[PDB]
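> PDB, C-alpha atoms, file work-v4.pdb:
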ATOM      1  CA  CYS A   1      42.050 177.192  97.176
ATOM      2  CA  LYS A   2      40.188 173.921  97.651
ATOM      3  CA  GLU A   3      39.772 174.596 101.430
ATOM      4  CA  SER A   4      39.259 170.865 102.101
ATOM      5  CA  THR A   5      40.178 170.791 105.775
ATOM      6  CA  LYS A   6      38.349 167.465 106.114
ATOM      7  CA  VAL A   7      35.492 165.401 104.617
ATOM      8  CA  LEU A   8      37.237 163.668 101.699
ATOM      9  CA  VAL A   9      39.723 160.985 100.851
ATOM     10  CA  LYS A  10      43.135 162.598 101.144
ATOM     11  CA  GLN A  11      45.823 160.814  99.179
ATOM     12  CA  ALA A  12      45.410 158.605  96.142
ATOM     13  CA  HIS A  13      48.762 157.242  94.958
ATOM     14  CA  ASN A  14      50.470 153.905  95.547
ATOM     15  CA  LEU A  15      54.064 152.785  95.989
ATOM     16  CA  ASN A  16      53.970 150.149  93.202
ATOM     17  CA  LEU A  17      56.946 148.022  92.044
ATOM     18  CA  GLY A  18      58.745 147.904  88.655
ATOM     19  CA  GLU A  19      60.453 151.269  89.254
ATOM     20  CA  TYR A  20      63.896 152.369  90.425
ATOM     21  CA  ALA A  21      63.741 153.380  94.097
ATOM     22  CA  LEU A  22      65.615 153.013  97.392
ATOM     23  CA  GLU A  23      65.274 150.461 100.192
ATOM     24  CA  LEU A  24      66.999 150.663 103.586
ATOM     25  CA  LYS A  25      67.117 147.680 105.957
ATOM     26  CA  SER A  26      69.356 145.836 108.438
ATOM     27  CA  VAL A  27      70.714 142.267 108.504
ATOM     28  CA  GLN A  28      73.703 140.127 109.540
ATOM     29  CA  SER A  29      75.425 142.387 112.090
ATOM     30  CA  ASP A  30      77.414 141.418 115.183
ATOM     31  CA  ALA A  31      76.161 143.362 118.262
ATOM     32  CA  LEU A  32      76.847 146.854 116.845
ATOM     33  CA  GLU A  33      73.950 148.775 115.328
ATOM     34  CA  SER A  34      73.974 149.688 111.648
ATOM     35  CA  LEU A  35      71.799 150.007 108.547
ATOM     36  CA  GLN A  36      71.953 148.889 104.932
ATOM     37  CA  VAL A  37      70.473 150.711 101.958
ATOM     38  CA  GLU A  38      69.805 149.118  98.583
ATOM     39  CA  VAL A  39      69.684 150.726  95.125
ATOM     40  CA  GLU A  40      67.936 148.652  92.446
ATOM     41  CA  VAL A  41      68.541 151.010  89.527
ATOM     42  CA  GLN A  42      70.481 151.408  86.285
ATOM     43  CA  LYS A  43      72.434 154.023  84.266
ATOM     44  CA  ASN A  44      74.078 156.416  86.775
ATOM     45  CA  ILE A  45      71.668 157.097  89.610
ATOM     46  CA  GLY A  46      72.649 160.214  91.523
ATOM     47  CA  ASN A  47      73.317 160.977  95.176
ATOM     48  CA  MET A  48      70.967 160.438  98.114
ATOM     49  CA  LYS A  49      70.377 161.615 101.662
ATOM     50  CA  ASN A  50      70.155 159.841 105.003
ATOM     51  CA  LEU A  51      68.910 162.258 107.636
ATOM     52  CA  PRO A  52      68.518 161.906 111.398
ATOM     53  CA  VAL A  53      64.831 162.736 111.787
ATOM     54  CA  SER A  54      64.656 162.166 115.545
ATOM     55  CA  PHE A  55      63.334 164.419 118.311
ATOM     56  CA  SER A  56      66.358 164.313 120.625
ATOM     57  CA  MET A  57      69.178 162.613 118.739
ATOM     58  CA  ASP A  58      69.364 159.230 120.434
ATOM     59  CA  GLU A  59      70.370 157.507 117.177
ATOM     60  CA  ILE A  60      73.704 159.297 117.277
ATOM     61  CA  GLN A  61      76.715 159.255 115.002
ATOM     62  CA  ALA A  62      80.238 158.620 116.247
ATOM     63  CA  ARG A  63      81.935 161.944 117.046
ATOM     64  CA  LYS A  64      79.598 164.677 115.811
ATOM     65  CA  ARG A  65      75.937 163.631 115.704
ATOM     66  CA  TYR A  66      75.655 163.989 111.943
ATOM     67  CA  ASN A  67      73.378 162.794 109.158
ATOM     68  CA  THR A  68      76.226 162.149 106.644
ATOM     69  CA  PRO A  69      74.346 161.977 103.326
ATOM     70  CA  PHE A  70      75.865 159.599 100.797
ATOM     71  CA  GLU A  71      76.946 160.152  97.193
ATOM     72  CA  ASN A  72      76.659 157.318  94.604
ATOM     73  CA  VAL A  73      76.515 154.756  97.431
ATOM     74  CA  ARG A  74      74.147 151.796  97.048
ATOM     75  CA  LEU A  75      74.904 149.544 100.048
ATOM     76  CA  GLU A  76      76.851 150.648 103.123
ATOM     77  CA  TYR A  77      76.826 150.336 106.917
ATOM     78  CA  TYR A  78      76.018 153.408 109.015
ATOM     79  CA  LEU A  79      77.772 152.292 112.193
ATOM     80  CA  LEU A  80      75.900 154.510 114.624
ATOM     81  CA  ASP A  81      75.961 154.793 118.378
ATOM     82  CA  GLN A  82      73.092 154.494 120.871
ATOM     83  CA  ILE A  83      72.167 157.379 123.167
ATOM     84  CA  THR A  84      69.588 155.516 125.292
ATOM     85  CA  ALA A  85      66.552 154.558 123.197
ATOM     86  CA  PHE A  86      64.870 151.533 121.613
ATOM     87  CA  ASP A  87      63.071 153.353 118.766
ATOM     88  CA  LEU A  88      64.108 155.762 116.039
ATOM     89  CA  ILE A  89      63.138 157.460 112.788
ATOM     90  CA  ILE A  90      64.955 157.991 109.501
ATOM     91  CA  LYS A  91      63.896 160.386 106.752
ATOM     92  CA  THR A  92      65.634 159.130 103.600
ATOM     93  CA  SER A  93      65.704 161.096 100.333
ATOM     94  CA  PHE A  94      67.177 160.077  96.981
ATOM     95  CA  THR A  95      67.514 162.197  93.836
ATOM     96  CA  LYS A  96      67.104 159.412  91.278
ATOM     97  CA  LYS A  97      66.996 161.484  88.025
ATOM     98  CA  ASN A  98      66.980 158.794  85.325
ATOM     99  CA  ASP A  99      66.644 160.780  82.068
ATOM    100  CA  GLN A 100      65.319 164.377  81.668
ATOM    101  CA  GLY A 101      63.163 164.146  84.826
ATOM    102  CA  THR A 102      64.462 165.158  88.275
ATOM    103  CA  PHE A 103      63.148 162.074  90.031
ATOM    104  CA  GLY A 104      63.105 162.319  93.831
ATOM    105  CA  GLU A 105      61.555 160.651  96.876
ATOM    106  CA  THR A 106      61.340 161.049 100.662
ATOM    107  CA  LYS A 107      60.629 157.990 102.844
ATOM    108  CA  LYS A 108      60.449 158.524 106.626
ATOM    109  CA  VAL A 109      61.205 155.013 107.865
ATOM    110  CA  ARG A 110      60.977 154.038 111.537
ATOM    111  CA  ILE A 111      63.537 151.288 112.113
ATOM    112  CA  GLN A 112      64.106 150.128 115.702
ATOM    113  CA  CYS A 113      66.984 147.684 116.018
ATOM    114  CA  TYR A 114      67.471 146.327 119.512
ATOM    115  CA  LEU A 115      68.927 142.813 119.604
ATOM    116  CA  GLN A 116      66.767 139.732 119.994
ATOM    117  CA  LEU A 117      68.739 136.540 120.675
ATOM    118  CA  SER A 118      70.294 137.370 124.057
ATOM    119  CA  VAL A 119      72.908 134.677 124.708
ATOM    120  CA  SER A 120      74.743 133.914 127.944
ATOM    121  CA  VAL A 121      77.544 131.432 128.549
ATOM    122  CA  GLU A 122      78.854 128.990 131.122
ATOM    123  CA  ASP A 123      81.972 126.823 131.002
ATOM    124  CA  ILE A 124      82.743 123.717 132.994
ATOM    125  CA  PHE A 125      86.302 122.432 133.158
ATOM    126  CA  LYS A 126      87.508 118.912 133.914
ATOM    127  CA  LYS A 127      91.005 117.385 133.794
ATOM    128  CA  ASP A 128      92.342 117.817 130.211
ATOM    129  CA  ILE A 129      88.844 118.129 128.729
ATOM    130  CA  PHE A 130      86.638 121.176 128.454
ATOM    131  CA  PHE A 131      82.995 122.025 127.722
ATOM    132  CA  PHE A 132      80.892 125.131 127.295
ATOM    133  CA  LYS A 133      77.164 125.301 127.899
ATOM    134  CA  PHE A 134      75.371 128.169 126.178
ATOM    135  CA  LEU A 135      72.210 129.825 127.419
ATOM    136  CA  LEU A 136      69.965 131.174 124.650
ATOM    137  CA  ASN A 137      67.161 133.649 125.230
ATOM    138  CA  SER A 138      64.955 136.237 123.550
ATOM    139  CA  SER A 139      65.506 139.837 124.693
ATOM    140  CA  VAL A 140      61.877 140.743 123.946
ATOM    141  CA  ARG A 141      59.019 139.256 125.965
ATOM    142  CA  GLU A 142      56.420 137.066 124.176
ATOM    143  CA  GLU A 143      57.585 137.700 120.641
ATOM    144  CA  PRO A 144      59.171 134.449 119.492
ATOM    145  CA  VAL A 145      62.403 133.587 117.701
ATOM    146  CA  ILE A 146      63.072 130.602 115.481
ATOM    147  CA  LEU A 147      66.612 129.338 115.298
ATOM    148  CA  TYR A 148      68.149 126.977 112.821
ATOM    149  CA  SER A 149      71.920 126.923 113.215
ATOM    150  CA  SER A 150      74.399 127.543 116.003
TER
ATOM    151  CA  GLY B   1      47.842 124.795 115.445
ATOM    152  CA  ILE B   2      50.689 123.264 113.408
ATOM    153  CA  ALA B   3      50.114 123.261 109.634
ATOM    154  CA  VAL B   4      53.667 121.962 108.916
ATOM    155  CA  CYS B   5      55.134 125.451 108.757
ATOM    156  CA  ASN B   6      58.621 124.308 107.704
ATOM    157  CA  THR B   7      57.153 123.203 104.361
ATOM    158  CA  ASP B   8      56.365 126.781 103.278
ATOM    159  CA  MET B   9      59.233 128.432 105.167
ATOM    160  CA  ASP B  10      62.381 128.435 103.008
ATOM    161  CA  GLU B  11      60.957 130.421 100.076
ATOM    162  CA  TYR B  12      60.514 133.722 101.945
ATOM    163  CA  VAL B  13      62.233 133.556 105.355
ATOM    164  CA  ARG B  14      65.233 135.877 105.528
ATOM    165  CA  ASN B  15      68.362 134.646 107.278
ATOM    166  CA  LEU B  16      69.524 137.057 109.963
ATOM    167  CA  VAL B  17      72.868 136.143 111.502
ATOM    168  CA  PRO B  18      74.123 137.561 114.763
ATOM    169  CA  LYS B  19      77.668 136.441 115.550
ATOM    170  CA  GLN B  20      78.873 137.277 119.034
ATOM    171  CA  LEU B  21      82.277 136.669 120.575
ATOM    172  CA  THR B  22      83.142 133.936 123.068
ATOM    173  CA  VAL B  23      85.524 134.854 125.839
ATOM    174  CA  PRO B  24      86.932 131.533 127.159
ATOM    175  CA  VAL B  25      87.136 133.487 130.401
ATOM    176  CA  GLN B  26      89.289 131.836 133.006
ATOM    177  CA  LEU B  27      91.860 132.104 135.776
ATOM    178  CA  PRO B  28      95.484 130.958 135.928
ATOM    179  CA  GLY B  29      96.903 128.767 138.690
ATOM    180  CA  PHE B  30      97.404 125.062 138.058
ATOM    181  CA  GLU B  31      98.085 122.624 140.884
ATOM    182  CA  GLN B  32      96.629 119.383 142.227
ATOM    183  CA  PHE B  33      95.493 117.705 145.428
ATOM    184  CA  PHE B  34      94.405 114.264 146.605
ATOM    185  CA  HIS B  35      92.779 113.874 149.982
ATOM    186  CA  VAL B  36      92.121 110.333 151.191
ATOM    187  CA  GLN B  37      89.534 109.288 153.755
ATOM    188  CA  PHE B  38      88.188 106.381 155.789
ATOM    189  CA  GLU B  39      84.702 106.548 157.297
ATOM    190  CA  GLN B  40      84.167 106.121 161.038
ATOM    191  CA  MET B  41      80.853 104.526 162.045
ATOM    192  CA  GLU B  42      78.012 106.757 163.335
ATOM    193  CA  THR B  43      74.553 105.055 163.376
ATOM    194  CA  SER B  44      74.818 102.678 160.337
ATOM    195  CA  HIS B  45      76.301 103.082 156.796
ATOM    196  CA  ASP B  46      73.762 105.291 154.983
ATOM    197  CA  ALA B  47      74.848 104.458 151.404
ATOM    198  CA  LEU B  48      76.812 107.606 150.527
ATOM    199  CA  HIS B  49      76.689 109.086 147.032
ATOM    200  CA  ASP B  50      79.125 111.387 145.262
TER
ATOM    201  CA  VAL C   1      56.698 104.444 123.754
ATOM    202  CA  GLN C   2      59.945 102.548 123.439
ATOM    203  CA  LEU C   3      63.402 104.054 123.939
ATOM    204  CA  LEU C   4      66.125 103.126 121.455
ATOM    205  CA  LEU C   5      69.669 103.779 122.642
ATOM    206  CA  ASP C   6      73.171 103.373 121.282
ATOM    207  CA  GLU C   7      75.062 101.980 124.309
ATOM    208  CA  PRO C   8      74.499 101.682 128.069
ATOM    209  CA  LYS C   9      78.231 101.617 128.881
ATOM    210  CA  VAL C  10      79.733 104.815 127.556
ATOM    211  CA  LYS C  11      82.795 106.595 128.999
ATOM    212  CA  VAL C  12      82.745 110.297 129.924
ATOM    213  CA  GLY C  13      83.816 112.355 126.922
ATOM    214  CA  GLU C  14      81.478 111.021 124.252
ATOM    215  CA  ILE C  15      78.283 112.046 122.473
ATOM    216  CA  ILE C  16      75.183 109.845 122.221
ATOM    217  CA  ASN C  17      72.035 110.231 120.200
ATOM    218  CA  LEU C  18      69.050 109.137 122.233
ATOM    219  CA  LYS C  19      66.042 108.040 120.199
ATOM    220  CA  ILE C  20      62.598 107.734 121.639
ATOM    221  CA  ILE C  21      59.970 106.184 119.391
ATOM    222  CA  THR C  22      56.329 107.010 120.043
ATOM    223  CA  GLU C  23      53.182 105.250 118.834
ATOM    224  CA  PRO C  24      49.946 107.270 118.877
ATOM    225  CA  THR C  25      46.902 105.155 119.461
ATOM    226  CA  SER C  26      43.455 104.241 118.264
ATOM    227  CA  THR C  27      42.082 105.881 121.424
ATOM    228  CA  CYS C  28      43.331 109.337 120.505
ATOM    229  CA  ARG C  29      39.896 109.637 118.816
ATOM    230  CA  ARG C  30      38.506 111.521 121.842
ATOM    231  CA  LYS C  31      40.248 114.794 120.946
ATOM    232  CA  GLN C  32      42.036 115.310 117.522
ATOM    233  CA  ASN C  33      42.240 119.045 118.302
ATOM    234  CA  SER C  34      45.874 119.663 119.143
ATOM    235  CA  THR C  35      47.539 117.361 116.623
ATOM    236  CA  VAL C  36      50.777 118.625 118.105
ATOM    237  CA  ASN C  37      51.367 117.234 121.604
ATOM    238  CA  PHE C  38      54.232 118.305 123.812
ATOM    239  CA  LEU C  39      56.301 115.756 125.661
ATOM    240  CA  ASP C  40      59.158 116.167 128.089
ATOM    241  CA  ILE C  41      62.264 114.153 128.830
ATOM    242  CA  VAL C  42      63.178 113.944 132.498
ATOM    243  CA  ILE C  43      66.429 112.509 133.818
ATOM    244  CA  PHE C  44      66.507 110.600 137.089
ATOM    245  CA  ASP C  45      69.581 109.734 139.093
ATOM    246  CA  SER C  46      68.601 106.039 139.684
ATOM    247  CA  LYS C  47      68.333 106.796 143.373
ATOM    248  CA  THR C  48      65.675 109.563 143.525
ATOM    249  CA  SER C  49      65.419 113.300 142.907
ATOM    250  CA  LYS C  50      65.633 114.275 139.212
ATOM    251  CA  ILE C  51      68.211 116.736 137.954
ATOM    252  CA  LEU C  52      67.056 120.254 137.058
ATOM    253  CA  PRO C  53      66.924 121.830 133.561
ATOM    254  CA  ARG C  54      70.338 123.315 134.396
ATOM    255  CA  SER C  55      72.039 119.925 134.630
ATOM    256  CA  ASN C  56      75.346 121.460 135.625
ATOM    257  CA  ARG C  57      78.280 118.995 135.387
ATOM    258  CA  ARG C  58      75.908 116.021 135.047
ATOM    259  CA  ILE C  59      74.333 115.697 131.584
ATOM    260  CA  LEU C  60      74.348 117.979 128.546
ATOM    261  CA  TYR C  61      71.948 118.222 125.637
ATOM    262  CA  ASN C  62      70.977 120.227 122.557
ATOM    263  CA  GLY C  63      67.974 122.474 122.731
ATOM    264  CA  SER C  64      64.882 122.495 124.869
ATOM    265  CA  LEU C  65      63.694 118.991 125.556
ATOM    266  CA  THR C  66      59.969 119.602 124.940
ATOM    267  CA  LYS C  67      60.285 118.376 121.299
ATOM    268  CA  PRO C  68      56.762 117.802 119.954
ATOM    269  CA  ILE C  69      55.078 114.750 118.463
ATOM    270  CA  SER C  70      52.062 114.306 116.234
ATOM    271  CA  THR C  71      48.841 112.501 116.967
ATOM    272  CA  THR C  72      49.254 111.136 113.434
ATOM    273  CA  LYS C  73      51.879 108.400 113.118
ATOM    274  CA  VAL C  74      55.139 107.009 114.521
ATOM    275  CA  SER C  75      57.047 110.220 115.092
ATOM    276  CA  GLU C  76      60.656 110.155 116.230
ATOM    277  CA  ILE C  77      62.687 112.508 118.387
ATOM    278  CA  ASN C  78      66.240 113.025 119.550
ATOM    279  CA  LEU C  79      68.645 114.544 122.017
ATOM    280  CA  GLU C  80      72.437 114.495 122.286
ATOM    281  CA  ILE C  81      73.288 113.263 125.798
ATOM    282  CA  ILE C  82      76.825 114.613 126.024
ATOM    283  CA  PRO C  83      77.746 112.921 129.289
ATOM    284  CA  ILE C  84      80.004 114.446 131.930
ATOM    285  CA  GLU C  85      81.335 112.940 135.194
ATOM    286  CA  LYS C  86      78.653 110.467 136.142
ATOM    287  CA  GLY C  87      77.403 106.896 136.672
ATOM    288  CA  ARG C  88      74.053 105.074 136.419
ATOM    289  CA  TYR C  89      71.525 107.487 134.959
ATOM    290  CA  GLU C  90      67.898 107.003 133.894
ATOM    291  CA  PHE C  91      65.680 108.505 131.185
ATOM    292  CA  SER C  92      61.900 108.637 131.026
ATOM    293  CA  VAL C  93      59.229 110.819 129.471
ATOM    294  CA  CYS C  94      55.853 112.373 130.168
ATOM    295  CA  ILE C  95      53.073 113.762 127.987
ATOM    296  CA  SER C  96      51.779 117.280 128.521
ATOM    297  CA  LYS C  97      49.357 118.144 125.604
ATOM    298  CA  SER C  98      50.020 121.894 125.879
ATOM    299  CA  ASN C  99      52.465 124.231 127.570
ATOM    300  CA  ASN C 100      50.545 125.235 130.700
ATOM    301  CA  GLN C 101      50.596 123.627 134.122
ATOM    302  CA  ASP C 102      47.990 120.891 134.707
ATOM    303  CA  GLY C 103      48.271 120.037 131.044
ATOM    304  CA  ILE C 104      50.036 116.812 131.882
ATOM    305  CA  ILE C 105      47.865 113.788 131.196
ATOM    306  CA  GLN C 106      50.037 110.683 131.489
ATOM    307  CA  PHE C 107      53.417 109.561 132.805
ATOM    308  CA  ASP C 108      55.016 106.664 131.011
ATOM    309  CA  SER C 109      57.124 104.080 132.765
ATOM    310  CA  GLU C 110      59.769 103.021 130.285
ATOM    311  CA  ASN C 111      62.919 103.985 132.278
ATOM    312  CA  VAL C 112      65.924 103.033 130.158
ATOM    313  CA  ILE C 113      69.025 103.196 132.353
ATOM    314  CA  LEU C 114      72.594 103.756 131.190
ATOM    315  CA  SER C 115      75.882 103.683 133.078
ATOM    316  CA  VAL C 116      78.819 106.094 132.842
ATOM    317  CA  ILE C 117      82.382 105.082 133.708
TER
END
Translate the structure described by the file into structure tokens.

Amino acid sequence: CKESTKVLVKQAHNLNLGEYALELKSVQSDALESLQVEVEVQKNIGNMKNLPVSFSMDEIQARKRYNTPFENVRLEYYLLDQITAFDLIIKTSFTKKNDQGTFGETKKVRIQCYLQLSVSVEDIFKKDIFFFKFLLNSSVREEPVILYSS
Amino acid sequence: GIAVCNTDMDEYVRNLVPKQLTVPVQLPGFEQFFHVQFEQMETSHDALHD
Amino acid sequence: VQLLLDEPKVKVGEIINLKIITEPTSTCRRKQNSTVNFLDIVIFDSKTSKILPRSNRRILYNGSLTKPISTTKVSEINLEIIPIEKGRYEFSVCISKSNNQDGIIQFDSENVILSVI
């Protein structure tokens, strides 16, 4: 037993590139919270997990508040629900297992996915002509949003 | 302050795309009216604007 | 500053690019610090009493009007004055250097008027 309770450097390995791994993110979704994993591998990568590593399960599933681990799924959309929070956690594990080596990982990501571009409307209505006027606002305070089509 | 940040933007900026609905929310009763008027002098004409 | 416009005599349901043209000066040599300088565009009724940012049923536009210029060269700018149910408007600018209050340093007097039938 090393008995190193303190007084050292602890951990000495790096998550470098040029290796088959997993990457979970979120983009391009219309007002209903989701996620999107990505698998940049080759030659029959195996199944993977997607746990719900929360304290009280605010990042809920639809009917039963499940984790629903995938199987040979690279990109999907975990259409969750929202039981009153603005922060989460997600322990994600993936048995890679390329060739004669049971390759695994466990990344405990912390994605929080409240909306940003909070948009309100107003119409005006004249005789046989019609106009909307759209209000555009950022749901967070003093973190800015650039915007380049509408 | 402004180092022309659109010059080095397009290489690495990801393109998020929210796409909300739009209700065209309205009511339903069409009719018309036309009231006509003629001003009666109080003080002097004040140059009324619509 | 000059103000270059398409027409002064537009009907109601029509879209107009407005084009201000600004000329920074030799006597910007006092500062050089904020090369970016924030203007505004304010719309007056050609009686008194300018319309608010929420120009409801009067004038319509694309984006916030603040629309910066350089202290470098002849920058241009734009809006899209989508007119609605009006007559005899007025456009003029001011220069604000910053975003805060009491940042405003000059008020130009170039007042191009247009009519709406």
> Residues within 12 Å of region 25-28 of chain B, please, as a list in words. Count only C-alpha atoms; anything in the same chain fewer than 3 positions from it doesn't count.
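What passes the distance filter is residues 121, 122, 123, 124, 125, 130 and 132 of chain A; 21, 22 and 31 of chain B.
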> Using all atoms listed in the file, determine which residues of chain B fall within 10 Å of chain C; present them as a list in words.
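The complete set of qualifying residues is residues 1, 2, 3, 49 and 50 of chain B.
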> I need the residue set behind the PyMOL selection byres ((chain B) within 7 of (chain A)) for this file; please write it as a list in words.
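That selection, the PyMOL selection byres ((chain B) within 7 of (chain A)), comes back as residues 16, 17, 18, 19 and 20 of chain B.
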> Include C-alpha atoms and write out the residues we just selected as a PDB file, in the frame of the given file.

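Saved result, result-v7.pdb, follows:
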ATOM      1  CA  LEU B  16      69.524 137.057 109.963  1.00  0.00           C
ATOM      2  CA  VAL B  17      72.868 136.143 111.502  1.00  0.00           C
ATOM      3  CA  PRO B  18      74.123 137.561 114.763  1.00  0.00           C
ATOM      4  CA  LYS B  19      77.668 136.441 115.550  1.00  0.00           C
ATOM      5  CA  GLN B  20      78.873 137.277 119.034  1.00  0.00           C
TER       6      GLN B  20
END
> Counting all atoms listed in the file, which of A:110, A:2, A:127, A:63 gets nearest to residue 35 (chain A)?
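Checking each candidate against residue 35 (chain A), we get A:110 as the closest.
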> Take every atom of region 101-106 of chain C listed in the file, pad by 3 Å on each side, and give me the axis-aligned box centre and edge lengths in Å, one decimal, as AutoDock Vina command-line options.

--center_x 49.2 --center_y 117.2 --center_z 132.9 --size_x 8.7 --size_y 18.9 --size_z 9.7
> What residues come out when you apply the ChimeraX specification (/A :<12) & /C to this file, written as a short mmCIF file (atom, residue, chain, number, x, y, z; two decimals) with C-alpha atoms, keeping the file's coordinate frame?

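part.cif, freshly written:
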data_model
loop_
_atom_site.label_atom_id
_atom_site.label_comp_id
_atom_site.auth_asym_id
_atom_site.auth_seq_id
_atom_site.Cartn_x
_atom_site.Cartn_y
_atom_site.Cartn_z
CA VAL C 12 82.74 110.30 129.92
CA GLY C 13 83.82 112.36 126.92
CA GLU C 14 81.48 111.02 124.25
CA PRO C 53 66.92 121.83 133.56
CA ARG C 54 70.34 123.32 134.40
CA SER C 55 72.04 119.92 134.63
CA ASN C 56 75.35 121.46 135.62
CA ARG C 57 78.28 119.00 135.39
CA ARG C 58 75.91 116.02 135.05
CA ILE C 59 74.33 115.70 131.58
CA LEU C 60 74.35 117.98 128.55
CA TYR C 61 71.95 118.22 125.64
CA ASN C 62 70.98 120.23 122.56
CA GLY C 63 67.97 122.47 122.73
CA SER C 64 64.88 122.50 124.87
CA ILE C 82 76.82 114.61 126.02
CA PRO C 83 77.75 112.92 129.29
CA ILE C 84 80.00 114.45 131.93
CA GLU C 85 81.33 112.94 135.19
#
> Evaluate the PyMOL selection byres ((chain C and resi 41) around 10) against this structure - the residues, as a ChimeraX atom specification, please.
/C:20,39-40,42-44,64-67,79,91-95
> Which value, in Å to one decimal, gives the distance between CA of residue 77 (chain A) and CA of residue 96 (chain A)?
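Between these atoms lies a distance of 20.5 Å.
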> Could you please determine the separation between CA of residue 38 (chain C) and CA of residue 139 (chain A) in Å, to one decimal place?
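Calculated distance between CA of residue 38 (chain C) and CA of residue 139 (chain A) is 24.3 Å.
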> Would you pick out the contacts of residue 45 (chain A) at 10 Å or less, using only C-alpha atoms, so that residues sharing its chain but fewer than 6 positions from it are not included, and give the list as a ChimeraX atom specification?
/A:20-21,39,71-74,94-99,103
> Point out the residue among C:3, C:29, C:17, C:96 with the least atom-to-atom distance to residue 71 (chain C), counting all atoms listed in the file.
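The shortest atom-to-atom distance to residue 71 (chain C) comes from C:29.
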> Can you tell me how far CA of residue 85 (chain A) sits from CA of residue 59 (chain A), in Å to one decimal?
7.7 Å
> Contacts of region 75-77 of chain C at 9 Å or less, counting all atoms listed in the file, minus same-chain residues fewer than 5 places along, as number ranges by chain?
C: 18-24, 67-70
> Selected residues, C-alpha atoms, written as a PDB file, in the coordinates of the input, please.

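Final file, result.pdb:
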ATOM      1  CA  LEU C  18      69.050 109.137 122.233  1.00  0.00           C
ATOM      2  CA  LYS C  19      66.042 108.040 120.199  1.00  0.00           C
ATOM      3  CA  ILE C  20      62.598 107.734 121.639  1.00  0.00           C
ATOM      4  CA  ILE C  21      59.970 106.184 119.391  1.00  0.00           C
ATOM      5  CA  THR C  22      56.329 107.010 120.043  1.00  0.00           C
ATOM      6  CA  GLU C  23      53.182 105.250 118.834  1.00  0.00           C
ATOM      7  CA  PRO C  24      49.946 107.270 118.877  1.00  0.00           C
ATOM      8  CA  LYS C  67      60.285 118.376 121.299  1.00  0.00           C
ATOM      9  CA  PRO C  68      56.762 117.802 119.954  1.00  0.00           C
ATOM     10  CA  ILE C  69      55.078 114.750 118.463  1.00  0.00           C
ATOM     11  CA  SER C  70      52.062 114.306 116.234  1.00  0.00           C
TER      12      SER C  70
END
